[PDB]
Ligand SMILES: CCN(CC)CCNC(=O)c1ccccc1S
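The chain that follows stands alone, in the form solved without this ligand, written as structure tokens.
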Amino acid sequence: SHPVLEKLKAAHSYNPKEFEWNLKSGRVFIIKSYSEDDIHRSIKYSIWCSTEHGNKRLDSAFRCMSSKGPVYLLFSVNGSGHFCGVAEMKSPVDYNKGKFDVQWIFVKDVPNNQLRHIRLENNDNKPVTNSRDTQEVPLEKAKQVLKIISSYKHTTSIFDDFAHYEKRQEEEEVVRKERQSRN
């Protein structure tokens, strides 16, 4: 067990046994992450950043949902074949690129084969697992997705490789510093 991961787990209740997937109101979006390193950083710092267009869509949705219901984000790394968790969006986008606060709720790997029966009528009836970044999920389909993610008995999560990702970040920082030093 990594000491940083222990601090995180003491400060956050991940994978809560009591999650309300039967949302009365809300908006739910797919997040397609470029890498596991970004997921790891997001969990560590409770922040996310989409593209310029994605940030615009999420910023608008959050501001339109103020005091009406939550905005949930369903995370999957491009090409990974499985969703890796769920966070709630907690702030509008701050442009000093941008960034917004997130509160991670589920940190767990859910294979796409467990979700691909759910099709999005607002994305040409494609499986929810075939979505682009910031695709909005209609609420009833989002309930089905959240029910499965919340109940799934996962065998892995990104936390299994926590030390690995910590090392990746530290070493890259060293490399970056040295590169900057030489210029």
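Note that residue numbering follows the sequence shown and begins at 1.
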Is there a break between residue 96 and residue 97, and how many deposited residues does it span: none, 1 to 3, 4 to 9, or 10 or more?
10 or more
When mean C-alpha B-factors in the record are compared for 65-73 and 112-120, the larger belongs to 65-73
Residue 53's Cα B-factor: lowest, middle or highest third of the chain?
highest
Assigned third (lowest, middle, highest) for the C-alpha B factor of residue 38:
lowest
Going by the recorded CA B-factors, say which third of the chain residue 132 sits in, lowest, middle or highest.
lowest
Quick one: classify residue 44 as lowest, middle or highest third of the chain based on its Cα B-factor.
highest
For residue 79, return the chain-relative third of its C-alpha B-factor as stated in the PDB record: lowest, middle or highest.
middle
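The next section is about a form of this same protein that is not shown, the form deposited with this ligand bound.
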My question is simply whether residue 47 lines the interface with this ligand in the deposited complex - judged by any non-hydrogen atom within 4.5 Å.
yes
How about residue 42: is it within 4.5 Å of this ligand in the deposited complex, going by heavy atoms?
yes
Just to confirm the contact call: exactly one of 58-66, 123-131, 30-38, 145-153 touches this ligand in the deposited complex at a 4.5 Å heavy atom cutoff, so which is it?
30-38
